[PDB]
Amino acid sequence: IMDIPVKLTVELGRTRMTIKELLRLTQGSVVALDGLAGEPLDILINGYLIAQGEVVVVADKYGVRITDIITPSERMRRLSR
Amino acid sequence: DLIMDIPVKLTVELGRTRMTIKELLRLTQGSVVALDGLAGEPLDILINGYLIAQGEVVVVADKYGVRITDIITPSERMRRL
Amino acid sequence: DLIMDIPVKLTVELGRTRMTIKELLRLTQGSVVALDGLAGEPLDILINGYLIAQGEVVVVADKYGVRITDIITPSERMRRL
Amino acid sequence: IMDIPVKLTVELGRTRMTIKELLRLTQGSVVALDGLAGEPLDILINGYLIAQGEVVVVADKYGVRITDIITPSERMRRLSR
Amino acid sequence: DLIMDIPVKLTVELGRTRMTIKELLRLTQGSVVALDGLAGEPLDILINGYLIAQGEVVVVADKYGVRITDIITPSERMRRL
Amino acid sequence: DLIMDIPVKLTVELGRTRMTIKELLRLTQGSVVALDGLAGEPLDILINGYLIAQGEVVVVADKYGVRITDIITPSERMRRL
Amino acid sequence: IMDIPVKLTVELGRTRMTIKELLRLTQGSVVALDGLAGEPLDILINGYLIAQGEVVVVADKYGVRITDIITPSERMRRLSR
Amino acid sequence: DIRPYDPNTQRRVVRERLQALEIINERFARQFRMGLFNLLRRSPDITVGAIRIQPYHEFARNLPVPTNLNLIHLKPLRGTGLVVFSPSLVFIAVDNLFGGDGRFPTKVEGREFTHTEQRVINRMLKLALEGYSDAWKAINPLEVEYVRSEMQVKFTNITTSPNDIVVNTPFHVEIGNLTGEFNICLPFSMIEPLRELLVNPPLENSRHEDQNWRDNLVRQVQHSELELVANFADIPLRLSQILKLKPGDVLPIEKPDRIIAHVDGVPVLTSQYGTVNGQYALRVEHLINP
Amino acid sequence: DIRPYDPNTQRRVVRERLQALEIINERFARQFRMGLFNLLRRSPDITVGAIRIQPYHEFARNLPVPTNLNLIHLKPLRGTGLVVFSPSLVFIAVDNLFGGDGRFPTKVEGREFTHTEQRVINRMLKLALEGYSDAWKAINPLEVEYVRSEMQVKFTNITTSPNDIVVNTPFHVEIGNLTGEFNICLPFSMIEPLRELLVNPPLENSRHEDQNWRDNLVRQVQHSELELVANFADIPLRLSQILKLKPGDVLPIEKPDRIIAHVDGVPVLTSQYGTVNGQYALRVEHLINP
């Protein structure tokens, strides 16, 4: 209907942490994210997560094949964490 | 002031792209879209949508994380807008 | 240091209550539920779900705004824990 | 109907005792609970006991297989003790 | 003051989990749910819902009890909220 | 020491009576049963079913509240035993 | 109809005696009861006698097998003594 | 006795002696003996073994594989029972039925039951269920219905959990020189409502005598007093407040519109409070009734 | 454990034990055995191998080429399943069907299935589908419909991605001296809605008992309190403002006409705010309901 461009982004995972480790951060500091290795990365539209999909490398380029679209229940489950 | 126990949100973005409504709607099940960033580039570590660090991906006991290589400089902040 | 900006999200809570699933599902249109906060008691202010302050609603030139009655302390945080 | 999360807890047993032994407690002090070994542990929802079930270990993790849901008679039999 | 003969309620929690309405309802006869705590962790000794001690499980002449290993410190009270 | 908080439950009893199963089952709507407590006699206060004090209902700025007439003693506890 | 708990007790026998022998009592003082050896012991509800039954030992525990429920005539015969 | 508790230590010590279950077992054994004589045209003798009140997993672990497991319905009791027909017993029954005199050694190597063997199983199972219903009718009449048959204990899963306590009753049947076994497996939850009747049989003249006993029981226990405690109000405090608490302190309280009358903590009624004759009184609005 | 993550490292560790799926597999194996006896006039024996919960690409990489891949519909579950008929199995079936006693060595060189071979495939596939539906009906009734057949794993692409986790169930069929295999491949998305039922089988008396259990569950959880937090207002600030912030500062705020009541961040209702009894109160306009 409309022909507008949007900045779609892919998010690897989340991290809830206080700024203790933030100020302790340095080159080489280990950080752990909320998402474990294997689950689909999150496809966000203008920062709005709409999908989940798995990461591939094609022609030495990052890409994501969208596995599924999210549901309001899973969305709220992710938010309440 | 040391009002500093506050927890903060940390995110990691694998990549970004600009792409429009028609290609959005044309994306279907199993559709893969390539990311602007070339494979091996350090990912972006955002705080509430604000970038301070860049770093590559790493897995730490099946857990996602990033190895940060550059964190602080605003000198390139003009270009990423 | 570099954390001087760090877009943060501040929220104020109107009140809390102890109520169960029966009445919860039995809420209807126009039904009024009370909260533990007394009228005139300054409301709480939270950041990422943690205490940051207590503030009161004040009339400021036809613009209601929250005026910080006091800043939290570790002592009061432990007391309200 | 509603998609709310609740904090489930599993309770091993009860103990009615005056604070004599409470202040006499130390590392190694023997304590005895109301429930004998073998009876199902209690499944409580937001602290509300609703079920009884047996304890199992799966993948070196604690778990409870719910054996039965409680009745008001058994509930109040437990309470009046 | 030594108004100190008062009896108090002692409980022991095997584990806790956050788990929502739909899969509550999906739980059926014989359904087993894994607990957040790893097997072998010291259980939580609560007083009227208030934690002061941690300890592992033990059976004393077919009677349940806990071997307490840590009781007093509030230094980690803020994490468990 | 560490027991300074220990959430306790205080209850006050309105009265007691000696009455049997016949009249108990023969209670009907609007039926009035008297109690051994004289009007104006300060009511008892119990914690986990044990004596803690005697308190009287007093009007406190449209808010009825219990004012402690006296604290229990071991002597009076034995007398009321 | 009602699910109330009651304190049921079993009485071995009666004894009508003046406090002569009561003050003369000591460890080893012989006392004789009204009931001869062999007759059923008395089953009382809240101190109110309801039945008669014969005493057994099961699993090294005292028990009573209820033999008969009393009649008003036998009741009042027991009372008038 | 100070040992660390570990899961899967089902030290379930629930010791009872169901004399009525024993007597029903004996009556059913006689009925099954006469039925087996009617069918096989040979006279068996059935020995009722000790009743094993054991966990379901322990019961199943001793069951030979393959075996006949017949699910049955003990109406109106909630749940299902099991009849275990052993391969030796089924082999002997089929051998006698189909021309074999049984003098040949019993060769049980382990195999499923064929459709003809299934029909034989169905027949003696029908006889067993009828005899069991006849035996039980003397104590409690019930309806027994065949559900289905299975070869593996994993097919059945008679209990909610393998650690659930279950009742097993073995019977050793001998015909000439050929020996077999068959078992009756009923979950303890099946008999829990009737545990009182199954423990003791010592009543034979009880059809209206039970009603008379119950009427006497209620009309007599109606002369027992109780302990009504009416909790006027409920204030939550902390132990520091309790320790520092002094006379003359006023404790804020939400206004109790309804007073709960309870005994030993057990609520009895909901009422309003007032004063009459100079004493506190309660006007009852609703008794505590689920 | 500090190693750099790389794409295509599908370390998908999703470990479960579907006892109900195993039992359905055994029932279907028996049904397929009796069907194969009916068709081939010879008695096979079918061994159910371990269930492999493995990625689709890994499952396909082990499949011999060419092979029979039959797409099926597991109504009403969203998605499609697969039946894998091996060349050796189809060879043996055709050999037995068309006069060959099977004593000849099996010569599988790799070739497509002819139309007659396709008809044989259709027949034993129909028998397998009926047996599988019969096996499943005991737990959940499903309708199975044949879709089409393929010779190459690339023709099917059963999953959205090759890394999608899928369930495979192998069966080794022996007839005399001739051995073959056939597999059942169902995507994990097929069973995710029924994962709870497939993990544990420990229920047999559940038709209205499930409804009673659910009613008890809801009526007992209806007595659990919650944590209603009503976010009155939302101000975005910066960390410099937070650090320099001092009491008495007034923070501008857009006027909240509607207050959202949420629990643990989960929105519950939309309401208006006010004061009653001296306490803040919310008059509910609309509960959060999708």
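Using ideal geometry, Cβ is built from the backbone for each residue, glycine included, and neighbour counts are taken over all protein chains shown. Each reported figure results from applying straightforward, stated rules to the coordinates on display, with no laboratory input.
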Percent of all Cα-Cα pairs per 10 Å bin for the range H:165-259, counting from 0 up to the last occupied bin, reads 10, 17, 16, 14, 16, 15, 7, 4, 2, 0
Taking a crude spin-label model, label points 7 Å out from Cα along the C-beta direction, the residue E:50 to residue A:60 distance in nm is 6.5
For the range I:1-149, the convex hull over Cα atoms projects on average to an area in nm² of 11.9
Tilt, helix I:19-40 to longest principal axis of chain I (alpha-carbon atoms), in degrees rounded to tens, equals 20
Across I:208-215, the residue-averaged tally of Cβ atoms belonging to other chains within 10 Å stands at 3
Per residue of H:3-9, other chain Cβ atoms within 10 Å number on average 6
Note: A:38-46 gets an average of partner chain Cβ contacts (10 Å, Cβ to Cβ) equal to 3
Inter-copy distances for residue H:258, nm, shortest first, label points 7 Å along Cα→Cβ, are 3.4
Cβ-Cβ cut-off under 15 Å around residue G:78, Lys and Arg +1, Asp and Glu -1: the net charge is -1
By the Kirkwood definition, with r running over pairs of different Cα atoms, the range G:20-81 has a hydrodynamic radius in Å of 14.0
The helix I:87-97 Cα axis meets the longest alpha-carbon principal axis of chain I at an angle in degrees, between 0 and 90 and rounded to 10, of 50
The simple spin-label model distance between residue A:7 and residue E:25, using points 7 Å out along Cα→Cβ, in nm, is 4.1
Square roots of five times the C-alpha gyration tensor eigenvalues of the protein assembly as shown, ordered largest first and given in whole Å, equal 57, 55, 24
In Å, the C-alpha Rg and Dmax of the range I:53-117 are 14.8, 44
Taking only the Cα positions of the range H:68-210, the convex hull volume per residue in Å³ is 137
If one builds a Gaussian network model of chain D from Cα atoms under 10 Å apart, the most fluctuating residue listed among D:15, D:26, D:71 is D:26
Nearest 10, in degrees from 0 to 90: the angle of helix H:115-137 to the longest Cα principal axis of chain H is 50
Using alpha carbon centers only, the range I:261-290 is separated from the range I:189-238 by a whole-angstrom value of 23
Comparing A:69, A:45, A:19 in a Gaussian network model of chain A (Cα, 10 Å), the one with the largest mean-square fluctuation is A:19
Compactness check, the range B:9-56: C-alpha Rg relative to the 2.2 N^0.38 Å globular estimate gives 1.38
Which of H:154/I:137; F:22/H:75; F:63/H:246; B:63/D:61; A:20/H:244; H:107/I:107 exceed 28 Å between C-alpha atoms? The answer is F:22/H:75; A:20/H:244; H:107/I:107
With bins of 5 Å, the percent of all Cα-Cα pairs of the range I:220-272 per bin from 0 is 4, 15, 17, 18, 15, 15, 8, 4, 3, 1, 0
One can check that the equivalent ellipsoid of chain H, built from the alpha-carbon gyration tensor with semi-axes equal to the square roots of five times its eigenvalues, has lengths in Å, largest first, of 58, 25, 16
Cα-based Rg and Dmax for the range B:35-81, in Å, come out at 11.7, 37
Reduced to Cα centres, the span from the range F:41-81 to the range I:1-38 in Å works out to 67
Check: C-alpha center the range G:17-59 vs C-alpha center the range H:143-179, spacing in Å is 50
Summing -39500 (n - 2.57) over every DSSP H run of at least 4 residues in chain E and dividing by its residue count gives a helix-only mean residue ellipticity at 222 nm, to the nearest 500 deg cm²/dmol, of -1500 deg cm²/dmol
When chain B is treated as a Gaussian network with springs between alpha carbons less than 10 Å apart, the largest mean-square fluctuation among B:27, B:38, B:51 is found at B:27
Given all pairs of distinct Cα atoms, chain F yields a Kirkwood Rh in Å of 15.4
Label points for residue I:6 built 7 Å along Cα→Cβ; distances to same position in the other copies, nm, shortest first, come to 4.2
Trypsin sites (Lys or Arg not before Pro) in chain B lying in a DSSP loop, each with at most 13 other Cβ atoms within 10 Å of its Cβ, come to B:77, B:79, B:80
With label points set 7 Å from each Cα along the Cα-to-Cβ direction at residue G:67 and residue C:64, the distance between them in nm comes to 8.1
